[PDB]
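Below is one structure, written out as structure tokens; the observations come after it.
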Amino acid sequence: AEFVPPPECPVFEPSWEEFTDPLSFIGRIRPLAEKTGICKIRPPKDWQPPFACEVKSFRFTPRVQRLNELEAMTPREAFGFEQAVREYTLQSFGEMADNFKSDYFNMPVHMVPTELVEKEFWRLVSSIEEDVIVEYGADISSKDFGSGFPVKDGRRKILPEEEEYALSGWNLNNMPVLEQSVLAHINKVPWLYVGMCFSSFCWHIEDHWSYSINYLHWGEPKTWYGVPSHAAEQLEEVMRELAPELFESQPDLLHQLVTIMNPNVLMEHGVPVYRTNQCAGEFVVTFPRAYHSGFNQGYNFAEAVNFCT
Ligand SMILES: O=C(O)c1ccnc2cc([C@@H](OCCN3CCC(F)(F)CC3)c3ccccc3Cl)[nH]c12
Ligand SMILES: [Mn+2]
């Protein structure tokens, strides 16, 4: 009945020598990590970049997420107007996020086990008797208020001890993003995610089957699920069988907007699924054509970008 957590994805703790070049390190761990779709990378203990976003002016209107919107398809009066719209600052969103989680679980936010949030999230996704609605500060461009990493673009002050992180190859602004093609000779910045408890992203792969790298700057963990690329067709077949028939004929780019599926359903159909809790200061790398999904344990701040090799 209750959710069965998938097996854990690989976690790498590179030494300072191995941490010199990201693409070199990802290329070496590839024989294992590409068989799990996702992997987690813990930087050395003394690698701690500062938070370089413009906090005072950081404002956004998050998207409203109804956890059980797909199950509800199986209409309500005045549908399409369920939730009033709120604009937040970073502070007011965190106050809302902490108040929501502490009130939902009736305990301090840091005392809620990650396994309980995970079990409750997937129960609410399939629940028709309880309509839980959360908000997600998703797809906030790093050009709006700056990246979470320090950037030497002469827009915000950089301290001498912070210049190492502005020049680091693990700075998401310094990842290679230019794909090779003939059209590139004839003729992208990171995105930010401000999460709260139960805010989520559904199953998808990246454009051009690209790699992606994800960094959690601060906050409560982000729970991930990943499927290796050799099982990509198996996942799409399970979707074709069990996803809502009204969305069956939709192209992949549109279907991926609502490809919500319990990982146990995929595992029951023979699809290998791996999980991880990405904590503050840790990287998550997704490999080409590796389907991934997840949700946030609480108030946190993430940065993500697609990169090419
Ligand atoms: O939230 C995280 O941590 C996280 C980690 C990894 N991948 C994702 C992907 C997303 C979301 O956007 C995907 C599509 N957009 C990607 C960025 C873009 F600029 F190209 C514009 C299109 C999303 C997807 C499905 C349902 C809800 C949400 Cl919110 N969130 C992720
Ligand atoms: Mn993604």
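By order in the structure tokens, chains are A, B, ...; within a chain, residues start at 1; ligands start at 1, following the order shown.
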Would you return as an MDAnalysis selection string the members of stretch 208-239 of chain A that DSSP assigns to helix (DSSP H, G or I) on this structure's backbone?
chainID A and resid 208:209 229:239
Between chain A and ligand 2, at 7 Å or less, what are the per-residue closest atom pairs and their distances in Å? Count only C-alpha atoms and all ligand atoms, order by chain and rising residue number, and return it as a Markdown table.
| residue | atom | partner | partner_atom_place_in_ligand_line | distance |
| --- | --- | --- | --- | --- |
| A:204 | CA | ligand 2 | 1 (Mn) | 6.5 |
| A:205 | CA | ligand 2 | 1 (Mn) | 6.1 |
| A:206 | CA | ligand 2 | 1 (Mn) | 5.8 |
| A:212 | CA | ligand 2 | 1 (Mn) | 6.6 |
| A:292 | CA | ligand 2 | 1 (Mn) | 6.6 |
Output N, CA, C and O atoms for every residue in the selection just made, as a tab-separated table (two decimals), in the first residue's frame.
chain	number	residue	atom	x	y	z
A	204	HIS	N	10.52	13.58	-17.52
A	204	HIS	CA	10.90	14.21	-18.77
A	204	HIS	C	12.35	13.91	-19.08
A	204	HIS	O	13.12	13.49	-18.20
A	205	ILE	N	12.73	14.12	-20.34
A	205	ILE	CA	14.12	14.15	-20.76
A	205	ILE	C	14.40	15.55	-21.31
A	205	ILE	O	13.49	16.35	-21.53
A	206	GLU	N	15.67	15.84	-21.52
A	206	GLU	CA	16.08	17.16	-21.95
A	206	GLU	C	16.01	17.30	-23.47
A	206	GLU	O	16.07	16.31	-24.21
A	212	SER	N	22.26	17.22	-18.13
A	212	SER	CA	21.90	18.34	-17.27
A	212	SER	C	22.64	18.20	-15.95
A	212	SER	O	22.90	17.10	-15.48
A	292	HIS	N	13.80	11.69	-15.73
A	292	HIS	CA	13.91	12.02	-14.32
A	292	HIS	C	12.70	12.82	-13.87
A	292	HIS	O	12.03	13.49	-14.66
Report as a ChimeraX atom specification all protein, DNA and RNA residues lying within 9 Å of residue A:59, evaluated on only C-alpha atoms, omitting residues in the same chain fewer than 3 positions from it.
/A:55-56,87-90,145
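Distance-wise, atom CA of residue A:110 and atom CA of residue A:165 end up 28.7 Å apart.
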Find the residues near stretch 5-10 of chain A: any atom within 10 Å, counting only C-alpha atoms, skip ones fewer than 4 places away on the same chain, and give them as an MDAnalysis selection string.
chainID A and resid 29 32:33 35:41 115 118:119 224:227 263:264 267 272:277
Which polymer residues have any atom within 10 Å of an atom of residue A:42, counting only C-alpha atoms, with same-chain residues fewer than 5 positions away left out, as a list in words?
residues 11, 12, 13, 14, 15, 19, 47, 278, 279, 280, 281, 282, 283 and 284 of chain A
Dump as an mmCIF file, in the first residue's frame, selection limited to N, CA and C atoms:
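Heads up, here's the output in selection39.cif:
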data_model
loop_
_atom_site.group_PDB
_atom_site.id
_atom_site.type_symbol
_atom_site.label_atom_id
_atom_site.label_comp_id
_atom_site.auth_asym_id
_atom_site.auth_seq_id
_atom_site.Cartn_x
_atom_site.Cartn_y
_atom_site.Cartn_z
ATOM 1 N N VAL A 11 26.422 7.805 -5.537
ATOM 2 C CA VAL A 11 26.910 9.050 -4.959
ATOM 3 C C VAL A 11 28.427 9.031 -5.035
ATOM 4 N N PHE A 12 29.002 10.073 -5.624
ATOM 5 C CA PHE A 12 30.444 10.187 -5.775
ATOM 6 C C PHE A 12 30.970 11.316 -4.900
ATOM 7 N N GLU A 13 32.110 11.068 -4.254
ATOM 8 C CA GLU A 13 32.785 12.043 -3.403
ATOM 9 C C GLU A 13 34.190 12.240 -3.959
ATOM 10 N N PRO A 14 34.334 13.035 -5.018
ATOM 11 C CA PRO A 14 35.645 13.172 -5.662
ATOM 12 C C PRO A 14 36.642 13.889 -4.768
ATOM 13 N N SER A 15 37.898 13.463 -4.859
ATOM 14 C CA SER A 15 38.977 14.182 -4.206
ATOM 15 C C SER A 15 39.211 15.517 -4.909
ATOM 16 N N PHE A 19 38.243 16.555 -8.721
ATOM 17 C CA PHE A 19 37.298 17.661 -8.807
ATOM 18 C C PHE A 19 37.800 18.804 -9.687
ATOM 19 N N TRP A 47 34.753 23.071 -0.325
ATOM 20 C CA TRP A 47 34.258 23.753 -1.521
ATOM 21 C C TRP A 47 32.857 24.263 -1.206
ATOM 22 N N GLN A 278 18.907 14.866 -2.768
ATOM 23 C CA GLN A 278 19.948 15.854 -3.026
ATOM 24 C C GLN A 278 19.910 16.898 -1.920
ATOM 25 N N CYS A 279 20.961 16.953 -1.111
ATOM 26 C CA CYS A 279 21.027 17.903 -0.013
ATOM 27 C C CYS A 279 21.780 19.159 -0.441
ATOM 28 N N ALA A 280 21.729 20.175 0.420
ATOM 29 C CA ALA A 280 22.344 21.458 0.107
ATOM 30 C C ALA A 280 23.834 21.294 -0.161
ATOM 31 N N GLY A 281 24.302 21.909 -1.244
ATOM 32 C CA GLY A 281 25.695 21.836 -1.627
ATOM 33 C C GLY A 281 26.076 20.642 -2.471
ATOM 34 N N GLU A 282 25.111 19.848 -2.924
ATOM 35 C CA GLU A 282 25.383 18.649 -3.702
ATOM 36 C C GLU A 282 24.865 18.806 -5.127
ATOM 37 N N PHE A 283 25.571 18.182 -6.065
ATOM 38 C CA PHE A 283 25.209 18.188 -7.473
ATOM 39 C C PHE A 283 24.443 16.923 -7.835
ATOM 40 N N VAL A 284 23.526 17.061 -8.790
ATOM 41 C CA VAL A 284 22.883 15.929 -9.445
ATOM 42 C C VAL A 284 23.095 16.080 -10.943
#
